[PDB]
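**Q** Take this sequence and fold it.
(one chain, ligands or ions: 1)
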Amino acid sequence: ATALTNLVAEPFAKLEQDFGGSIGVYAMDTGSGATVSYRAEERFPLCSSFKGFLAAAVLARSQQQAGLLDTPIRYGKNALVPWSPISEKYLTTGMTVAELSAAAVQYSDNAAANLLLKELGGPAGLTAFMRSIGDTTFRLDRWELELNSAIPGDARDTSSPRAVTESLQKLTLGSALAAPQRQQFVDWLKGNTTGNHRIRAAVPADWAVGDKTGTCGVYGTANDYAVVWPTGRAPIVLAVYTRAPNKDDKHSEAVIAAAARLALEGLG
Ligand SMILES: *C(=O)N1C[C@H](NOS(=O)(=O)O)CC[C@H]1C#N
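**A** Numbers count the residues shown, from 1 in each chain. Next up is the structure itself:
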């Protein structure tokens, strides 16, 4: 007999009703193949969470372009947009592609993301990379900060929790990238500074976590995806996305952490 997905799903329904919006979850146990799924194929805005996949796309390019990560990008003052706390420090020198990638992943630096998008051929270039690994759901259409608008019913700049989780697994644990690039992606995710109150909050402190967050700032729209390495066990890959119908509906980190906990506890 197969899983009773109604019983798996029930607690997510209760959680999203108090939240006043929709919660989307996909979790994959790479040990057993067990999954947890709730609204996992619905679209949610990516917000800043696209930046993890952007760094993966840069790493893929570096396999064809030797030394790409070492390349200085010497940007002007009009690169600087709000929530660019790392790139704003280095206007007088520029930053390397590697530094920009780390900043985009770990501080969610907006200018760094825009500069890296320009290097990859814009939002279309990132989307094309995702298509190359079999992700047909992901789409990035716009740049920072317009991509954060999160308008209900807008398909631009969205993916699904399932697609995010599947692509994350391919890139961090599968061999979609060469081993050095794969480990670099993992290390950038592990050094994230913005995720302590989201999936990380549901995970025992002695287990390694790599994640990337997103917070659109409107429409109760925020998210996190992660790889979790339980000690002596196969890793877990998961994504938690939220949205809500009114522009002034609050996002909630606690709701993301709670959904992450329900997903993690429900596996296998
Ligand atoms: C991305 O969604 N961002 C970047 C900045 N940080 O938030 S995050 O949750 O760490 O990604 C502020 C919110 C928004 C923008 N712009």
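**Q** and this structure, which residues reach the ligand?
**A** For the chain, the contact set with the ligand under CB under 6 Å from any ligand atom comprises 47-48, 83, 108, 110, 145, 148, 194, 213-217. (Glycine included, C-beta is placed from N, CA and C.)
**Q** elements contacting the helix or strand containing residue 258?
**A** With secondary structure defined by DSSP states H and E, residue 258 is part of helix 253-265. With contacts taken as 3 or more CB pairs under 8 Å, 6 or more residues apart in numbering; DSSP states H and E, helix 253-265 sits against helix 5-19, strand 22-29, strand 222-229, strand 236-243.
**Q** Just name the most buried of the ones you listed.
**A** strand 236-243 (a mean of 29; mean count of other CB atoms under 10 Å).
**Q** Output the helices and strands packed on helix 253-265 in CSV, with distance to residue 120 appended to each entry.
**A** Listed next are these as CSV, based on distance: least, CB to CB, whole Å:
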stretch, distance to residue 120
helix 5-19, 34
strand 22-29, 26
strand 222-229, 20
strand 236-243, 22
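**Q** For residue 153, find the nearest of those.
**A** strand 236-243 (10.5 Å; CB to CB).
**Q** partners of the closest one in the sheet?
**A** Its sheet considered, strand 236-243 pairs with strand 22-29 (antiparallel), strand 222-229 (antiparallel) by DSSP bridges.
**Q** Pipe these into CSV and attach distance to residue 188 per row.
**A** Shown next, in CSV, are these (distance: least, CB to CB, whole Å):
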stretch, distance to residue 188
strand 22-29, 20
strand 222-229, 12
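**Q** quick revisit: so what touches the helix holding residue 258?
**A** Outside helix 253-265, the residues within contact range by CB atoms under 8 Å, 6 or more residues apart in numbering are 11-12, 15-16, 19, 23, 25, 27, 36, 197-199, 201-203, 222-224, 226, 228, 236, 238, 240, 242.
**Q** Would you state the helices of the stretch 151-268 of the chain in chain order?
**A** Using DSSP state H, counting those that start in this stretch, the helices found in the stretch 151-268 of the chain span residues 161-172, 179-190, 253-265.
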